[PDB]
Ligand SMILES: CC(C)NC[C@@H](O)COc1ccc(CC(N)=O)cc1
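Listed next as structure tokens is one chain, alone, in the form solved without the ligand.
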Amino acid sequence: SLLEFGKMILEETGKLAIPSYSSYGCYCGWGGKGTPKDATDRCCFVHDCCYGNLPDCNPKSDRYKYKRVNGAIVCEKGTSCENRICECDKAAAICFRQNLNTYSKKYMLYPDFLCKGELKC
């Protein structure tokens, strides 16, 4: 679920998902169009694609379980949708952590009209 994803993000990065990531660049949060602004935004592009691969799942609301094996995220067994949603969220959280070195506050609340260009999934 979105709340679990937000907690996973905070655990990984120390940044509150809202507002550090919920309106970032062209792909973090609500919609998505255009060329990702930077590595962090690309994490969100891929995460959107990841959810897009699950038609019949409800990533915003469906809850999954995971644990920590030393610092590593291990998705625990639920329904197939739960497992797949968890793997999407795990990847994005790790991706945000990997790219904290280029996170830029100037991309928070990025205006929709600047999301120029195109990308397929």
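We number the residues from 1 along the sequence you see. Only residues modelled in both forms are compared. We call the rigid core whatever largest set of C-alpha positions still superposes within 1.5 Å between the two forms.
One more form of this protein exists, namely the form deposited with the ligand bound; it is left out here, but the text below deals with it.
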Say the ligand is put on the shown chain the way it sits in the entry with it bound, by superposing the C-alphas near its site; is the site then open or blocked (3+ ligand atoms within 2.4 Å of backbone or C-beta)?
-> open
Look at the candidate spot formed by 66, 78 and 84 and say whether the ligand comes within 4.5 Å of a heavy atom in all three of them in the entry with it bound.
-> no
Taking the shortest heavy atom distance, is residue 109 within 4.5 Å of the ligand in the entry with it bound?
-> no
Examine residue 2 and determine whether its closest non-hydrogen atom to the ligand in the entry with it bound is within 4.5 angstroms.
-> yes
Would residue 29 sit within 4.5 Å of the ligand in the entry with it bound, counting heavy atoms only?
-> yes
Flag residue 37 as yes or no: does it have a non-hydrogen atom within 4.5 angstroms of any non-hydrogen atom of the ligand in the entry with it bound?
-> no
For the stretch 42 to 58, return the residues whose heavy atoms include at least one within 4.5 Å of the ligand in the entry with it bound, in the order they occur.
-> 47, 51
Which stretches of at least three consecutive residues shift by 2 Å or more at every Cα between the shown form and the other one, once the core is superposed?
-> 30 to 32
